[PDB]
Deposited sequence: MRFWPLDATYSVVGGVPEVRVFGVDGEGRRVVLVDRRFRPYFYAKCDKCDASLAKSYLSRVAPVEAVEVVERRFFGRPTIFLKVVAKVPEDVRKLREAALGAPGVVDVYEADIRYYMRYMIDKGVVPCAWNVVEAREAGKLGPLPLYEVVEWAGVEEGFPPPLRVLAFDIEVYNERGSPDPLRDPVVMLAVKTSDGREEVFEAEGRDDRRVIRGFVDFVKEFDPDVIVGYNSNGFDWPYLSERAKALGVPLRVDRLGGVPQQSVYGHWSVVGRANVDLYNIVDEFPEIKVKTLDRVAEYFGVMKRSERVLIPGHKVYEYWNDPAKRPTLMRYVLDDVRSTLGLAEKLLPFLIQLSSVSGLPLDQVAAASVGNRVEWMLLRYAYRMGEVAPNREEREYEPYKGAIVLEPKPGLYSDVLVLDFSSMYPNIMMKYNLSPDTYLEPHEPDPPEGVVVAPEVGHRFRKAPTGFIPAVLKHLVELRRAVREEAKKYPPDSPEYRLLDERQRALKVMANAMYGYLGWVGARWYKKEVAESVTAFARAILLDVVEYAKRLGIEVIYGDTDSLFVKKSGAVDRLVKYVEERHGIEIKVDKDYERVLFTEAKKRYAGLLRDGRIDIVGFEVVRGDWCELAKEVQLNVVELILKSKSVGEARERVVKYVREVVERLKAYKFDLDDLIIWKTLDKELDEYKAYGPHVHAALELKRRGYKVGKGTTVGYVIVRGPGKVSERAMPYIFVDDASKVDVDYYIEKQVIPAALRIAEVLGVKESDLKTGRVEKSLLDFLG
């Protein structure tokens, strides 16, 4: 049979661990494959190898299935290990620490690999890809047909089957700032489906049993394969989980009548289906700068923010207790879920391919960090190459380290092309065979095959037998090259072409992510001399391409390790064709900006695309200050010449102050948020953040953790910052300290783009 895995789990059925894999067989029905014979294990690097002595020693701390002697590679060198095999995954920590002792071994490896990932790696199970399985049909498991796996074969090239996708959105009462699931009810919950269905379950005035019951019944009725939400792992699932407990209605949404569990990376597992949180993947997009559902929806063109209902999120209770405002609160919820499913149609095909690459399941591929995603790929490659994985220190991850090469001049630039140099790093590492296992140390016999010296960092690498990291990149390049030519078979506007284009890009992203991973100090295959050698090779040929660009009529405004910005001309085509012929690197125009504004001498800029979209790169205001930080950027980017830019900006910054002193503001725009992450009076701040969180003790009841305050400065005699009234206590007055909001933010927000203008009235 052909299987296509969606989700993987495991249980411990009476002292024997059992792996389950849920998927979609070749005949298009949802089944579950099971394996009871696999068992967890880890390696122990022995100086003297005695498995029987080892086994009996380890048997005192936990039960041991076996202790085998294996020969595997370690940084290329073939060494001997003890393969300690536990009976159940839970005992692996006890055996890991105990092993260390009784010097047979010196170190332990691969003891922290989660069990169901261990199984798929060792058996070659690739998620979101058709696998070949010999499997006996052995009755049902719940409603699902169960199959005992005999042996896994490989994977077959083949397109994804149709999946039942369910988008869902919620809104919670929240009359008091950040809601609490113990009493605050789930007011509305919409669902939208790939079939075309939409429904909204609304509560009865402060009672939300009907809606949780309706949500659960709908999920069971529709039986979705993927559940998509926006920040569903962050808020929705944790709230519904704890709300369903308080009301005593079970949140049984998974395929075995079970409730969601919070799991790795903070993602929420729904057994037998893929719970995808789109906010996990959009956080990685550096262009968006704000990343709310409505604004991300506009960037990807699924819903125009100006053609859409928008409620100030902090006031869903107000629209709920008002029958005039309830029908518009509904359309707000519908526009949310329609955008959520809209985003999914654009992003989910990519995530499915990024899951079959790298090898993480669909519910985890986006939740994991880029380096975490790459490391699970290298573990899969390390297995089929017979290589034992090194050990880790911690996870912090650091996205990609943009080392500046050509510092820009802060100012305005028109007609700018951004050239992508990300494919440079695999080329460098393959062509020069850079890898932890190929680096040379105070032993310097140059092997007969030869050596390559990194430009004046002076590190030496073997040309020899290809290293581990180059071998992986070589395979990724080959896979993509094969997929990319198969796309020529189909016409560019076909479903079959777009699917292949997503798979092609997914391979590219994982290949180009290597460079960021190998610099991450908390990486398994981290070696400082590799990263430094990759940069030095990278810096050397960038200076070549900037010098050759000058031989053409091409101005270079900015250039760092991963990209350089150039002025749009006909000559660019020769610069790109030069880098291919000279360096063997494929360069592509990443962005075509009509105008660009560099505020500082770093990669801090805003850019105006030809279609009109602005995107902003690089880094406690009110929402009016945010509005005027935009507009100002949009006014500068749409003005020709710098002189026009001031007169446009200063007129706008004055007109806002004019209406602000004329008392025509909406109060919502004046609220200043702060989220209160820890204890009150622990870091004794003294600011308006704490003082506003003090006036809530007359009548008010809250101080606790996880609660956003929202304050407005009001006129009156007092200390600096100590006039912060909460926004519910301005009793229809609209007498606000305007001198505060003009002087220390509305002007400074515009002055954060003051590359030409000072404080003016």
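Discussion item. If a residue lacks a C-alpha atom here, it counts as unmodelled; so which stretches of the deposited sequence fall into that category?
Written reply: Those parts of the chain that were deposited but carry no coordinates are 620 to 624, 767 to 783.
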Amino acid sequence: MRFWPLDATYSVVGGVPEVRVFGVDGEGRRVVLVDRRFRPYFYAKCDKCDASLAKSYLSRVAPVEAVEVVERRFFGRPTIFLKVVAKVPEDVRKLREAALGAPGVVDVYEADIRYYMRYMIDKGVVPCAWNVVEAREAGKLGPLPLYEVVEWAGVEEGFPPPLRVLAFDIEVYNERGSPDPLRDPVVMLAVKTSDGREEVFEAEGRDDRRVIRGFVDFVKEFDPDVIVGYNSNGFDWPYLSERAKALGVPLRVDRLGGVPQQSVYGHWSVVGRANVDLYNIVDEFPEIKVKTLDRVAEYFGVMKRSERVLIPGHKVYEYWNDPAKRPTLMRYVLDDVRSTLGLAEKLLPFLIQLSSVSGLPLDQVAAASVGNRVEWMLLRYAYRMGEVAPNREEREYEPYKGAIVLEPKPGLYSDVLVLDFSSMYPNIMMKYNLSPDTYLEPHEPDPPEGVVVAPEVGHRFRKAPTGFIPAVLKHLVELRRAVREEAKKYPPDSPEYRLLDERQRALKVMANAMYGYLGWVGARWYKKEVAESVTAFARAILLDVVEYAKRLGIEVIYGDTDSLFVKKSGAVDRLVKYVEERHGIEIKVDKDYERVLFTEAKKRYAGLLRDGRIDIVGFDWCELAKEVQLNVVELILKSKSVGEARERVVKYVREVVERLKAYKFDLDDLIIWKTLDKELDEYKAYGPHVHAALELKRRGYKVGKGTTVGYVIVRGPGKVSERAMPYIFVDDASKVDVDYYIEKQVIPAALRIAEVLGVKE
From here on, numbers count along this sequence of modelled residues.
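Worksheet item: Looking at the deposited entry, does 675 to 683 or 67 to 75 carry the larger mean Cα B-factor?
Response: Between 67 to 75 and 675 to 683, it is 675 to 683 that shows the higher mean C-alpha B-factor.
Fill in: Between the two ranges 508 to 516 and 564 to 572, the one averaging a larger CA B factor in the entry
Per the deposited B-factors, the answer is 564 to 572.
Practice prompt. Would you mind finding, among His475, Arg503, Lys87, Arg654, the residue with the largest C-alpha temperature factor in the entry?
Written response: Each of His475, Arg503, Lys87, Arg654 was compared by C-alpha B-factor; the highest is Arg654.
Worksheet item: Which one of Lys697, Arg37, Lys55, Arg30 shows the top CA temperature factor in the record?
Response: When the deposited C-alpha B-factors of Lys697, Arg37, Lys55, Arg30 are compared, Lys697 is largest.
Worksheet item: Lowest, middle or highest third: where is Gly229 by Cα B-factor in its chain?
Response: It falls in the bottom third of the chain.
Worksheet item: Lowest, middle or highest third: where is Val21 by Cα B-factor in its chain?
Response: Its C-alpha B-factor, which the entry lists for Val21, ranks in the lowest third among residues of this chain.
Item to complete: Consider only the C-alpha atoms of the modelled residues in this chain, order them by B-factor as the entry records it, and name the third containing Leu141: lowest, middle or highest.
Response: CA B-factor rank for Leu141: middle third.
Practice prompt. Pull the Cα B-factor of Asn321 out of the PDB entry and bin it into the chain's lowest, middle or highest third.
Written response: Within its chain, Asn321 is a highest-third residue by C-alpha B-factor, going by the deposited values.
Worksheet item: Thinking about Cα B factors across the chain, which third does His314 belong to?
Response: Answer is highest: the recorded C-alpha B-factor places it there.
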